[PDB]
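*Asks:*
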Amino acid sequence: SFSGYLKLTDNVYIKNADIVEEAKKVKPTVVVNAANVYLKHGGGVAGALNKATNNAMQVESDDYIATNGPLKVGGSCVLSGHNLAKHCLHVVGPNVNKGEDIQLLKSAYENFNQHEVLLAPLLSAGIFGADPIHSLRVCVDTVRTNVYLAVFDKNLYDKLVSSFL
Ligand SMILES: O=c1cc(Br)cc[nH]1
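Just add 4 to the spot in the sequence shown (first one is 1) and you have the authors' numbering.
#1: Is the CB-CB distance between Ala112 and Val34 below 7 Å?
#2: Taking Cβ to Cβ, would you say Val155 is nearer than 7 Å to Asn59?
#3: For the candidate residues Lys158, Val121, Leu160 and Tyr42, whose alpha-carbon lies nearest to that of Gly97?
#4: How many angstroms separate the CA atom of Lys29 from the CA atom of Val49?
#5: Within the continuous alpha helix (DSSP H) that includes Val63, where are the two ends?
#6: Going straight from the alpha carbon of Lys31 to that of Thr13, what length do you get?
#7: Under the criterion of a Cβ to heavy atom distance below 6 Å, does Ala112 qualify as lining ligand 1?
#8: What do you get for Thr71, buried or exposed, if any count of 16 or more other CB atoms within 10 angstroms of its CB means buried?
#9: Helix, strand or coil, according to DSSP, for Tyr42 in the structure here?
#10: Pairing CB atoms from the region 122-133 with CB atoms from the region 93-109, are three or more of them under 8 Å?
#11: With distances taken between CB atoms, is the gap from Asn117 to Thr149 smaller than 7 Å?
#12: Cβ-heavy atom distance between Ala56 and ligand 1 below 6 Å?
#13: Going straight from the alpha carbon of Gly47 to that of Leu169, what length do you get?
#14: Taking the runs of the alpha helix (DSSP H) that are 4 residues or longer, which of them lie wholly in the region 90-152?
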């Protein structure tokens with residue numbers, strides 16, 4: 005299963021790892037994507053996950069959007085995990101660099117509660133512009149299922165562990 009994770013709470017675990025590499029090694033049941041409402045996987049975790057699937061995630065996502073329209077900020081959809089996981093849970097956290105309401109981050113993490121175990125990034129962190137310390141706090145206070153967080157940046161991982169209440 006998952007290895008080298010630091011236990012933060014009863015159900016939240018954290019590791020300094022590349023989520024693509026982590027997904028390829030573990031092949032978890034669910035890998036969470038840091039998605040946008042259009043499922044346009046251009047950069048960040050989304051761009052990296054999509055590139056690992058040889059663009060198959062984008063082709064599948066475009067068909068999903070053509071049929072269903074965009075997701076809501078705070079919402080999600082379950083699609084194939086391709087070569088990375090059984091499923092990919094595309095979760096839309098608020099993008100602070102788009103003026104989106106940071107209060108929607110709790111709604112975004114609530115999507116994780118529909119899955120017993122997930123490999124995930126910190127929602128709204130990185131290119132989404134939110135404070136990753138706040139995202140970890142919302143994660144631990146919202147997610148009740150087993151979440152294994154992959155934090156790409158070593159310096160951010162150290163700051164998150166060292167400042168964890
Ligand atoms: O290129 C990337 C970006 C993020 Br964030 C995580 C993994 N790889």
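All C-beta atoms in this analysis are idealised placements derived from N, C-alpha and C, irrespective of residue type, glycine included.
*Replies:* If we stick to the structure as given:
#1: Locating residue 112 in the sequence shown gives position 108, counting from the first residue. Locating residue 34 in the sequence shown gives position 30, counting from the first residue. When the beta-carbon positions are compared, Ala112 and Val34 stay at least 7 Å from each other.
#2: The count along the sequence shown starts at 1 and reaches residue 155 at position 151. The count along the sequence shown starts at 1 and reaches residue 59 at position 55. If you check the CB distance, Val155 and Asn59 do not come in under 7 Å.
#3: The sequence position of residue 97 within the sequence shown is 93, counting from 1. When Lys158, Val121, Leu160 and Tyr42 are compared, the shortest CA-CA separation from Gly97 is found for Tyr42.
#4: Translated into the one-based positions of the sequence shown, residue 29 becomes position 25. Translated into the one-based positions of the sequence shown, residue 49 becomes position 45. Their Cα atoms are separated by approximately 17 Å.
#5: Within the sequence shown, numbered from 1, the residue matching residue 63 stands at position 59. Here the alpha helix (DSSP H) through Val63 covers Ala60 to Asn72.
#6: Indexing the sequence shown from 1 puts residue 31 at position 27. Indexing the sequence shown from 1 puts residue 13 at position 9. Between the C-alpha atoms of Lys31 and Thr13 there is a straight-line separation of about 23 Å.
#7: On the sequence shown, position 108 is the one that residue 112 refers to. No; taking the cut-off as 6 Å, the Cβ of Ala112 has no heavy atom of ligand 1 nearer than that.
#8: Counting from 1 along the sequence shown, the entry for residue 71 is found at position 67. Exposed: under 16 other Cβ atoms inside 10 Å.
#9: Here the question's residue 42 lines up with position 38 in the sequence shown. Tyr42: coil per DSSP, three-state reduction.
#10: The answer is yes - the region 93-109 touches the region 122-133, with three or more Cβ pairs under 8 Å.
#11: Translated into the one-based positions of the sequence shown, residue 117 becomes position 113. Translated into the one-based positions of the sequence shown, residue 149 becomes position 145. A contact, by the Cβ cut-off of 7 Å.
#12: For the purposes of this step, residue 56 is taken as the residue at position 52 of the sequence shown. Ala56 Cβ: outside cutoff for every heavy atom of ligand 1.
#13: Taking the first residue of the sequence shown as 1, we reach residue 47 at position 43. Taking the first residue of the sequence shown as 1, we reach residue 169 at position 165. The straight-line gap from Cα to Cα measures roughly 31 Å.
#14: Restricted to the region 90-152, the alpha helix (DSSP H) segments that are unbroken, complete and at least 4 residues in length are 108-114 and 136-146, listed in chain order.
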